[PDB]
Each structure stands twice: as structure tokens, then as C-alpha cells.
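Asker: To start, I am sharing the structure in question, which I have written as C-alpha cells.
Bear in mind that the values in this text are calculations on the coordinates, not laboratory data. Heads up, the Cβs are rebuilt from the backbone with ideal geometry, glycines too, and the neighbour counts pull from every protein chain shown.
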Amino acid sequence: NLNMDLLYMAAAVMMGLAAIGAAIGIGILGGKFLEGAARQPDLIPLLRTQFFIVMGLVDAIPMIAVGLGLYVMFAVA
Amino acid sequence: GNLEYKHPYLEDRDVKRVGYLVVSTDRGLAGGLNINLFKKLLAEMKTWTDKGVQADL
């Protein structure tokens, strides 16, 4: 009936915007991380540590969004 | 350092000819100062020209 049509679209919008956000945020952050690694090799491990420190914060809201889109898809519809 | 660049002045390219900058006095009565130096230079330039590499001054 009318439900699944719109619910699938809602999950679709949710996870599409999540994919845009996480991909672009990590692209910028990784680009700066790679320029820093090219600038100063032998610091790759420390910069990678910091890169993960930030990447963990970047993907939070996108991952709540992914989780709730999957919830809607396979729990509600 | 931790970083490096590849400027020509830092790499030991093949020696095909050599140049010298020579410092000498403008006034005599210095004793053997100039001739000792010029004899040393001439010996090293002899060595270099033996290997067929030119020299420049």
C-alpha cells in the first residue's frame, strides 16, 4: 500500500545525504592528512593517530543517519 | 633535514671541468704568501688536467 512507497523514499533521502556528508568530510580531512604526510614523512604514525581522532568525530551524525535509514528500511518498511 | 630538496648545488655530478676562485693581495712585500698559494694551486690544477678535465680561474 501507500506506506512502503514513501518510507523507502525517506530512507533513500536520509542515506543519500549521509553519504554526501561523510564522503566529503573525510575527503577533505584525508587530503590534508596526505599533504601533511608528504610534507613530513616519519610523522605518518602520529598524523594518522590524529587523523583518526578527527575522523571519529566527522562520521557521527552521518552514521546515526545511516543507522536510522536502515531502521526505517528493514524495521518499519 | 627531515625534508629535502633536489637543488643542483647539493649533488655530486660528474666532474668534467673545475673552476677556482683565487684570492691574492694587491700589494707586494708580503713575503712568500702569494707564491706558496699559487704553487699549491698549480699542483692541484696539474693533477686535474692530467685526468683530462679542464680548469678555470
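Asker: Consider only pairs whose beta carbons are under 6 Å apart and that are at least six residues apart or on different chains; among these, list those whose first residue lies in the range A:52-77 and is in contact (Cβ under 8 Å) with a residue 60 or more places away in the chain and whose second residue is exposed (fewer than 13 other Cβ atoms within 10 Å of the Cβ) and of a type in the set (A, V, I, L, M, F, W, C).
Answerer: Listed by first residue and then by second, the contacts come to A:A77/A:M4.
Asker: Quick one: in the range A:42-62, of everything that is surrounded by fewer than 10 Cβ atoms within 10 Å (Cβ to Cβ) and over 28 Å from A:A19 (Cβ atoms), which residue is farthest from the other protein chains (Cβ to nearest Cβ)?
Answerer: Selected residue: A:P45.
Asker: Could you please find all residues in the range B:1-34 being within 30 Å of A:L43 (Cβ to Cβ) and more than 14 Å from chain A (Cβ to nearest Cβ)?
Answerer: B:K6, B:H7, B:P8, B:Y9, B:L10, B:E11, B:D12
Asker: Looking only at the range A:32-41, filter to residues that are within 13 Å of chain B (Cβ to nearest Cβ) and among the hydrophobic types (A, V, I, L, M, F, W, C); which one of those is surrounded by the most Cβ atoms within 10 Å (Cβ to Cβ)?
Answerer: Looking at residues that are within 13 Å of chain B (Cβ to nearest Cβ) and among the hydrophobic types (A, V, I, L, M, F, W, C), I get A:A37.
Asker: Here's something else I'd like to know. Output the qualifying pairs, or none if there are none: Cβ atoms under 8 angstrom, residues six or more apart or on different chains, first residue in the range B:4-27 and basic (K, R), second residue not in a helix (DSSP H, G or I).
Answerer: Within 8 Å, the pairs are B:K16/B:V53; B:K16/B:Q54; B:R17/B:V53; B:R17/B:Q54; B:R17/B:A55; B:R17/B:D56.
Asker: Hey, any hits in the range B:48-57 for a residue that's surrounded by 10 or more Cβ atoms within 10 Å (Cβ to Cβ), among the small types (G, A, S) and either touching a residue at least 40 places away in the same chain (Cβ under 8 Å) or in a strand (DSSP E or B) (or both)?
Answerer: Scanning the range B:48-57 turns up at least one residue that is surrounded by 10 or more Cβ atoms within 10 Å (Cβ to Cβ), among the small types (G, A, S) and either touching a residue at least 40 places away in the same chain (Cβ under 8 Å) or in a strand (DSSP E or B) (or both).
Asker: Related question: Can you tell me which of A:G67, A:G16, A:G21, A:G36 is within 30 Å of B:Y5 (Cβ to Cβ) and not charged (D, E, K, R)?
Answerer: None of the others qualify; the one that does is A:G36.
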